[PDB]
Structure formats: structure tokens, C-alpha cells
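In what follows, a structure is listed as C-alpha cells, so that the remarks can point back to it.
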Amino acid sequence: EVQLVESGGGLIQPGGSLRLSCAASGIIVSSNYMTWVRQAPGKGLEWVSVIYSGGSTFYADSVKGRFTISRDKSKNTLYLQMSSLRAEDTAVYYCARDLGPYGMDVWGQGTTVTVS
Amino acid sequence: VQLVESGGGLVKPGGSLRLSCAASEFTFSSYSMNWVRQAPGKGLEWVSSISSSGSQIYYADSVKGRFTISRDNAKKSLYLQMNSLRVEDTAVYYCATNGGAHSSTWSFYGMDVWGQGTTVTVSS
Amino acid sequence: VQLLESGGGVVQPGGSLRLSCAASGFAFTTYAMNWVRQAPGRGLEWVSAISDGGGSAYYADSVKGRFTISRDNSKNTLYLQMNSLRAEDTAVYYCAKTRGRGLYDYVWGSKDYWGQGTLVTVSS
Amino acid sequence: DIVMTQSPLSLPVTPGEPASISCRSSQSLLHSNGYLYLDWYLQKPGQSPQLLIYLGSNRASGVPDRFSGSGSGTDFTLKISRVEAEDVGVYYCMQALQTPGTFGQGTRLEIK
Amino acid sequence: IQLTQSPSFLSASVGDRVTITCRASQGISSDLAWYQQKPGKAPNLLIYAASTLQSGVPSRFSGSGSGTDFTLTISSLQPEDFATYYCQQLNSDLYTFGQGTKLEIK
Amino acid sequence: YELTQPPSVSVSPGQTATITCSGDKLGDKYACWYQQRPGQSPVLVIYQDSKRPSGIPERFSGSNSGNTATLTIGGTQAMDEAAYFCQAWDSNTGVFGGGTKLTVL
Amino acid sequence: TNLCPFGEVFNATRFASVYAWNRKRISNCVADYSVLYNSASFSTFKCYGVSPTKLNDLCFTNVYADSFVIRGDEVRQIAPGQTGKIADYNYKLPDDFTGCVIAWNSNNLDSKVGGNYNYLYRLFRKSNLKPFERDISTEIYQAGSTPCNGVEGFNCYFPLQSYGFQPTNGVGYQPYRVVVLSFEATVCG
Amino acid sequence: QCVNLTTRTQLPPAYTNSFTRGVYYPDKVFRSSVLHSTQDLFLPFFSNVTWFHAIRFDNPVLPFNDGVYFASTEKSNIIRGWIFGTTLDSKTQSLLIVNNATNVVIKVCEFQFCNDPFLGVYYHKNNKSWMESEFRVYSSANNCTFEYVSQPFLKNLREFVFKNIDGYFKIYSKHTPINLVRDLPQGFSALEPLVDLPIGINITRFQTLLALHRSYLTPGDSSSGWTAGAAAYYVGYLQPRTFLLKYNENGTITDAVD
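See below:
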């Protein structure tokens, strides 16, 4: 019923760019706190970006000035525009949905982004 | 004006009903409105009343907390929301115009225009 | 979520009591609260319900007029004042918060959390 | 008032088996907005009532997977998919549609 | 707020009662959430508001605490219940996760 | 607040009727009077204790004094058979009498 | 003749919630701004119009005193051009703001042992508020495709959330009473 | 509310003669016995000032050109106020001045004034000296900023000079017991200031607020028996002119020349 599907990751050279997708069925993207969370190989989770329902966005200090989060209201999709990818961006990204006092209840399966 | 009630019909006790009273002309804005009911074999019984501006609402103690009177002078109509209906609520419901604009003036007039009532039956 | 009830004990037929429900661990300014009693070995019966900030208060017909319900939102306390107590009010009384806060999540509707109950014993 | 009649009043069940309870309503409890305004409460022996099911089929929080409700209009059914040694106690249906809130008489559940 | 979980590595037998604690540097008063992540899978929310079970999670998971100390209690360990468990500061703007306890079925 | 009316009054056609209404200090308030024919909507006939609306014949005369409000129908005709309701306000709450029937023999 | 009511706002025993923030219009009186700027009890006193020491020598057409309670971590958002849950969905300062905001820690008053759940912020909204827009509506927020039908449930959330103020809280999560004076010539010193 | 009374009455306006009238103190400067020449807005001597009498009382919206002179004969309290404003409708703030019997209320709201605004008057029989006033002036009145309360402004001739200069609404008044038969008297009187309200609104039109009795009631008319007593009020217009205001020893303006 309620699902987030992510796609668009792959191998990419340092400094290059890449865009990630998050196709939401059931959940309206344009009405939710939609986040991006990454997890490096063998390491813990790390919040990356969040876009509010009203249009505000916020970024982790390890990510500011490189990544940009955006949504397409027509296709009910979420984007994370990555740029100038260093070697520390080699992580598996999940697009979650955040509810505030309620946790991040729904999650995507994950896209693995490699740097080489 | 000429008043025409509608919305009264059969309903089981505990149910809800919404009557309507549409005024013929737009002089309805100058009138305080009153709802009056008549049990099928009894005398007239005052239910509620609202003022020309709608800022002054009074109900009968036997309907306080259940009935809600309102109006919209743009649609020249008067409403009665009738919740938590009891069997003693069966009656013919009349809508009447006072003539005074505010409650301080209601006592100076009589209910001069009476729309032909609408029959409300409340039976299991 | 905690609902601790005060009051309750032994009174005289025709006397008056006061029941207090102290709410903590949840909003209580955005919820509607219920009172449900249970006579010894007879089962649950609803008594009263009040809306988010007062105003809308509903009573069971067997207590309509004798019992008044009220809440103090700054104290997060739900009250029930018993008047002219009969011998048919001997029961354990529970305060209960409504499960939902939407429109058509009725103030008398689903009760999510209940208290542990305080016994009221009309006797002599 | 909406009279709610339960059946059966006693329900001796060996634990591990499935169990069913029924509630007949004298009114139609359908569509204040599209739902069935009927709740199911369990009262354990010497405890306070706890909500089990609301709006006909929606499970309350903390309620195990075996408690499923069903039924539309006037016939409603609770189904404990597998009875455990801790579900004993009385079960009450309730109409949450009109301001006098009537419960049932209470199906007392026990162990064979 | 620097969230610290302990222990980092753990081992217990099936049926054992497991208590996991996440410690808050200053005090957040309920704003913790507990996630479970299988190896190679997506995180699963378990307990939001530091005590309330998310729907669909078995009733053998209990959360406790308020302020500085919070606890994730598995009232009966299970052979499928091995994963990494994370605490998160809810209603915060850094979305502070913990390092994560890798619970292991002995 | 309460208003007390006699259940019935009967007068021969051509005579004069007198429909009375009693209440606790009813003479300190204004009393309206309504005429309701069998199965019809009521018609105001006396307001402010003496004044008639336009179109109401001058034989409908009323007065109020003390605890009694009276309505007088001089030259009663066969068209007058109807119930009559005393009416008053009490703390902005309307009050109707019991309803006095009038049978014109 | 007498001072404008700057004791009714800064000394009330009971403030509002940020979603239903108070607003008092102040007009046709004389304002003693020296009771504020020299009080030594305010955590924040940031002015965006004219200087605070030079405040009671300017006359204004009208004055508003918006007052509410928020976390100490969110006083950052009571300023022009700020963003966040408070700024987007609870209280929006116009970027041409003339006036200033006054916030002071009130953990001794607004925090209760075991939580103080009487203060609420709006968490769910479709769009940001306009400058000085108020929003006290509590309809269910449709976070999914399915209509809510006025039943709080999955993907249908009550929009207000409660600050659980607790005296053990960190200084960023403790309650902060906030007064936001706006100026726009009937009032001056 | 808003019962409309202007059925068809369309008489052409009549003019009386404001002989030497509406000479207010155009200043707050005390002057000894000196002939000071002032150049302000004034009602010119021997001008045609329009007369409104019960005939009842068309009572129309009148232009507020630069400031008006208002006089009333009004042996009974039937003139009750004025509704100065631009559009006399929503979306534009208007000014309302009403005095009851012991108090005057001034308000600057976005009033939704009736087409025939007036006050109903009723005397309860329990206490005859009651004058229970009912408002039929506006239907909606909300979102407003100014509200001033003082003692009431008001054959007992009364004179007023309203003017709207640089954001201030200035009222000059002078109340006089009069014996002359019908029109304005001849004796020179100098109006003196009442109030200076920082209203700050644009005023282009104004209308007077009357007090009508209900003489009878037809069942549905609402416009049945609104009798308008017996009074007369005169509206003059102030023009910028040069006077020569002779001041007394005490500073009262005993005389003037145009």
C-alpha cells in the first residue's frame, strides 16, 4: 500500500554529479516531511537532507553547499541533486518520511552510490 | 416577508434534523427570528430566537445544549439544527419574525409573521 | 498517559459529591473526556462526556440534571459533581479519554485510555 | 437509545482455539462519515476496560494481531484468532454513533 | 546533543531479556525513537516517543525512560530478532542518530 | 416563568368574550396575544398590551394590569372561534400561555 | 496620561501557544520603553527597526505585542527571513519587520514535573503562513492520497503537537516566553 | 437590521440663510482686545445653508467637501450622531459618532452602514424615562482601531463644525437655548473646540443619525410607523476665507467680518 521506491544511484567519479529519485505511492510527497538518510558501508545512519511540506529545505553540515533536495508534485517524486561528490559520499541512501514526534515510519529500500 | 418552513420529517429518537425557513423578501434582515413548536394536541411552545445580527441567541431550557439556531441574511434563511432528538420533540415547528432588532427590543413587538409550520415526528 | 481519580467514598442518599480526574502525560486540551460508571456486577454504562475546551457537555438521561461535568484545562483536571445522589448511583466511576480528535471522532465516541476507577457508595 | 444485544453471554473456550463474539444493534451504525461506529472493549478480571477495536475493524494501539473485528450495518463480529490464557474476561460492544452511549451486556470469556 | 548508545556489541540466547540503553547528553524528555535494521535491509521504526509502539511491531518490545536515560527492552529474545538498533532524537533539527547496538543471537 | 389561562370560554354570537392571562407580576411586562384557528398558523392580534397590528379589527381590545392580562372581543362573531395564546418575555426567554379555546355557540 | 500596558504582556501569569499566539494592539497612550531595555532578565533582545536605547523617543501610528511560548532552540526563527516549523507554520515575521522580539527563559513557570502539555505548535500544514498570519484550525491533516473523513488515523494526523516541557530539559528544549513588538503617531514616550 | 425608509420622497432642497454663523476659534492662542485677521476654512456670512425638516427626513448622504457646519433645532433628543466616511461600506473605514443620553461613543470601523441608518427609540412602561435605543445603523462592524468614550456632545439649538485636516477630525460645538421661531438666529456666537480625534481617515461623505419612534406595526413591512418626531438640521459648507475676528478682553470672539 504505502511504499517508497528509490532509483538512480551508481558509480560516479569524484567531483561529478548524480541525481537520486524517490517514487512515492500512497504518500503525497508535496504534503510530508521527506528526508534523505545515508549509511556508509559498515557504519551508522546519518541524516542528509529534509524538505518540508511548505517548501523549506535543510541540510547536514557535512552536505551543505553540495546536495540539493527537490520534489516533483506531479509525479509524486523526491529528488536529491548531488554535486561535487567526494570519496566520503560513498553511502547507501534512503528516502524516509518524517513525522516529528512520530518517528520516520516508512522507508525506501535504498540506493547504493559508489565513488571511484 | 412570507416564511416557508421545510426539513421536518420522521426521525428516530437520538437522531438529528435540520429545519429551514426561507423569507420571501430581503426585509428579513430587519427581523429577529423565533422558532415555535406546537405539540399535536397542545399549545404553542417557544423554542429559540435569534436577532437580526445573529449575535443574540436564546433557547428554551428544554432544548438547551441540543438545538442550535442560526441565520444567513445573504440567503434570507433561518436554520434550526436539532440534535439528540427526544420523543417529546414531536410537534409542528413554526418560524416567526419578531420585528425588534435586538433582545432589548423583543418585548416591544409580537410575532407578526408566521410561516406555515413543518411537522416533525420523532418515533422509534 | 495517566488518569488518576480522586473523590469517591460513602455519602448519603440525596447528598452531593465531587469526582476529580487528574490527567498527565498527554495534551488533554485537545481531547474530549468521558465518565463511565459500573455498578457492582452490572456492566458498563456511559454517564457524561465533555469536549476539548468545555462547552459541549453531554449526559446520560438517568443523570441528566443531577450531574454536571467540567474540566479545568490549566490544572489538567476533569471534574464530575454529583447532586441529589440516589441509591442507584453506587458504582465504580472511570474517567476515559476519547481516542481521536477529528470531526466525527465524537466526544462520546471511542475511549482510548481509562482510569483505575473510584468507588462511590451511596448508603447509610 | 440504541439497544445492543450480544451473543453468547458465556463462551467457554479452550486456550489455543479461536473464538467469536457477536453484537446486534437495533439501529444502523453506518456512515456518520463512511465508517461503522462500533467499538469493542475487553475488561479483564479486576482491571479497567481496555479498548480493543474501534470503528468496526480498526485495531487500537497495543492490541495483538489476533483481535480482528468485522461486520457492517447491524451485525458485528469479534474474532480472537487464537485464544491464549490471558484473554479471559468480559467483552463489551458499544455504539459510538449517538450521544447516549449504550454498551452490550458483556460476553464473559473463560477457559474450558 | 550527542546521543550515546551502550553496549555497542551484545550477545544473548533466545528467550533472554535484553535491555538496550541510549544516553542523551543534556535531556530531551521524551524525544527518542528506536529503529531496527536487518543486515542489508531498511531501518524499521519500533518505538516512537520513547515508549509508544509503532503499529505492526510485536508487543515484546518495550521502551522506557524520560529525559537523559532511555531503554529498549525485548521482553523475550527471538532467533530472528538479531539486527542493529538505533536511537534517534525526535523533534530535533540535526536528526541525531546513535552509533547503534549490534544485538546478536548467541 | 409561567402563564395561566382558562382552558375554555364559551360565548354566544353577538356577545362579548373575555380571555384572561395570569402570571407573577405580568403587569410589569408586555403581553402579546395570538389567534389560532383550527389547523392554521397563529395570527398576532394584540401587542404591547393594547396595540393592534394593522388589519386587526378594533373590537380586539386588550389590557394589562398587575398580574392579569385580558383580551376582550366585543361583538363576537362566528368567525372568532379559535384558540388564543398569551405571550410574554422573561429574561429574553419567550413564554406562551396554556391556550384558551373560544367556542362561539 | 498613563503608561501603555507593558506589564500586561510581559508579566501575565499565562501566555498562549505559538499556533494561537496572542496579539494586543497598543494605541493612543505613552510607552515607557525603559522598563524593557533595562530589565537584565531577557535572553534575547534583538531589534530590527530603530535602536532599543533610542526607542522611547520615536512616535508610531500603532503598536502590536505578539506573545507566545516556544522552545529555546526556536527563538532563532523569530526574526525576518527565517525558516522552520515555527516560522513556516506557526508565526511568520515579515522581512520588512520594524520592531523587535523579546524572549526570556521561563522554565521555572512553563515546565512541570512529568511534562507540561498545555503548549502546542502546529506541525502539519500544506503551505507556509503569510507574515503575521494566524492559524487556529485543527482539521485532520491528509498526509496521504486517501481522504481522512474526519478520523485521526494512519496518514491522517491531528496537526498540533505538544511541547513536553520538563524541568530536566536542556537549555535548548526549555520553554521561552516571547514578546514580539511591532511598530507602524499615537504612541511614544 | 437595515430597514430602508427612503421610499420615494424626492423634494428639491430648500435653503435658509445662515446669517452670521459658524465662526469657531481657529486657534489655541489667547488674544487680548485685538482685531486679528485669520485665513482658515469658514462658512461665509449670509450663505444659503440647506434645510432638512420632518415635512419624513429624507436624510441623505451629503458631500463633506472641506468641512461642514451642522445646526439642529431639535427640542427633543432626535439628532443622535453622524457617520462620516468615504464609501460608507465595507473595505473602507468609516467614522461613527453616537451619543445615548449620558455618554458619547466614537468608533472608526469598517462599517457596513444601512441605506437609511437610524436609531429606534422605545420607552418601557415600567420606567417611562427609558429611551431603549436600538441600532439600525450598520449590519456588520468589525476590524477597527479607534474607540473613544466621553460625556455626550448633546429650543436648544446646537451647532457643530467638523473638519478633517492632516489626519485629525476636529469638532467645534456650541449649544444654545433659542427663542426665535423657525430658522437660525441672528446673535453672533463663536464655536469652540470639543475634541481632536487622530482618526487619520479620508472623509468625503456624511449622514446624520436620527431617532425614530414606531407609531404602528403592519405585520410584514418593517417600514410601517417610523415617525420622526419634529426637528430640523442645517448643513453648511466651509470655504477658505479671511475673517477679522475681534477678541474680547477675556479672549472670546465677540464679532467678525467676512
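Chains as they are written, first to last, in the authors' numbering: chain D, 1 to 116; chain H, 2 to 125; chain C, 2 to 125; chain B, 1 to 112; chain E, 2 to 107; chain L, 2 to 106; chain R, 333 to 516, 522 to 526; chain A, 14 to 68, 78 to 176, 187 to 290. Cβ coordinates follow ideal geometry from the N, Cα and C atoms, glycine included.
Can you list, in chain order, the residues of its chain whose CB lies under 7 Å from that of residue i, leaving out five sequence neighbours each side?
| i | result |
| --- | --- |
| residue 11 of chain D | 114, 116 |
| residue 69 of chain H | 82 |
| residue 419 of chain R | 409 |
| residue 68 of chain D | 81 |
Since residue i contacts residue j with CB under 8 Å, what's their CB separation in whole angstroms?
| i | j | result |
| --- | --- | --- |
| residue 143 of chain A | residue 245 of chain A | 6 Å |
| residue 4 of chain B | residue 98 of chain B | Residue 4 of chain B to residue 98 of chain B, Cβ: 12 Å. No contact. |
| residue 435 of chain R | residue 375 of chain R | 6 Å |
| residue 1 of chain C | residue 81 of chain C | The displayed coordinates of chain C run from 2 to 125. Any statement about residue 1 of chain C would go beyond what the structure contains. |
| residue 134 of chain A | residue 162 of chain A | 4 Å |
| residue 74 of chain C | residue 30 of chain C | 5 Å |
| residue 193 of chain A | residue 223 of chain A | 5 Å |
| residue 89 of chain A | residue 187 of chain A | With a Cβ gap of about 25 Å, residue 89 of chain A and residue 187 of chain A do not count as contacting. |
| residue 21 of chain E | residue 72 of chain E | 7 Å |
| residue 105 of chain L | residue 12 of chain L | 6 Å |
| residue 101 of chain H | residue 110 of chain H | 5 Å |
| residue 83 of chain E | residue 89 of chain E | Not confirmed; about 20 Å, so no contact. |
| residue 9 of chain H | residue 98 of chain H | About 19 Å separates the two Cβ atoms, so there is no contact after all. |
Check the Cβ-Cβ distances between residue i and every residue of chain B, and say whether any is below 8 Å.
| i | result |
| --- | --- |
| residue 56 of chain C | no |
| residue 481 of chain R | yes |
| residue 113 of chain E | Because chain E here runs from 2 to 107, residue 113 of chain E falls outside it and cannot be looked at. |
Is there a Cβ of chain E sitting closer than 8 Å to that of residue i, yes or no?
| i | result |
| --- | --- |
| residue 414 of chain R | no |
| residue 421 of chain R | no |
| residue 501 of chain R | yes |
| residue 41 of chain D | no |
For residue i, I'd like the list of residues in its chain whose CB is within less than 6 Å of its CB, leaving aside the five on either flank, ordered along the chain.
| i | result |
| --- | --- |
| residue 88 of chain L | 33, 97 |
| residue 35 of chain B | 55 |
| residue 47 of chain C | 37, 61 |
Taking Cβ positions only, does residue i come closer than 8 Å to chain H?
| i | result |
| --- | --- |
| residue 1 of chain B | yes |
| residue 161 of chain A | yes |
| residue 16 of chain A | yes |
| residue 61 of chain L | no |
| residue 33 of chain L | yes |
| residue 74 of chain B | no |
| residue 98 of chain B | yes |
Identify, in the order they occur along the chain, each residue of the same chain with its Cβ nearer than 8 Å to the Cβ of residue i, setting aside the five sequence neighbours on each side.
| i | result |
| --- | --- |
| residue 448 of chain R | 442, 495, 496, 497, 498, 507 |
| residue 31 of chain D | 53 |
| residue 174 of chain A | 121, 122, 123, 124, 125, 126 |
| residue 33 of chain A | 58, 59, 218, 220, 288 |
Is residue i near residue j, with beta carbons less than 8 Å apart?
| i | j | result |
| --- | --- | --- |
| residue 38 of chain E | residue 85 of chain E | yes |
| residue 31 of chain A | residue 62 of chain A | yes |
| residue 90 of chain D | residue 9 of chain D | no |
| residue 504 of chain R | residue 388 of chain R | no |
| residue 33 of chain H | residue 50 of chain H | yes |
| residue 76 of chain D | residue 5 of chain D | no |
| residue 88 of chain C | residue 14 of chain C | yes |
| residue 95 of chain A | residue 263 of chain A | yes |
| residue 2 of chain E | residue 502 of chain R | yes |
Can you confirm whether residue i, when its beta carbon is compared against all beta carbons of chain D, has any partner nearer than 8 Å?
| i | result |
| --- | --- |
| residue 101 of chain E | yes |
Could you tell me which chain G residues have their CB closer than 7 Å to the CB of residue i, listed as they occur along the chain?
| i | result |
| --- | --- |
| residue 27 of chain E | In summary, chain G is missing from the structure at hand, where the protein chains are D, H, C, B, E, L, R and A. |
Please tell me whether residue i has its Cβ less than 8 Å away from any Cβ of chain A.
| i | result |
| --- | --- |
| residue 71 of chain H | no |
| residue 359 of chain R | yes |
Does any C-beta atom of chain R lie closer than 8 Å to the C-beta of residue i?
| i | result |
| --- | --- |
| residue 167 of chain A | yes |
Subject >> Stretch pair the stretch 265 to 279 of chain A + the stretch 27 to 45 of chain A: three plus CB contacts closer than 8 Å >> reply: Touching, per the Cβ criterion.
Original post:
Is the stretch 339 to 356 of chain R touching the stretch 392 to 404 of chain R in the sense that three or more CB pairs, one from each, lie closer than 8 Å?
Top reply: Short answer: they touch.
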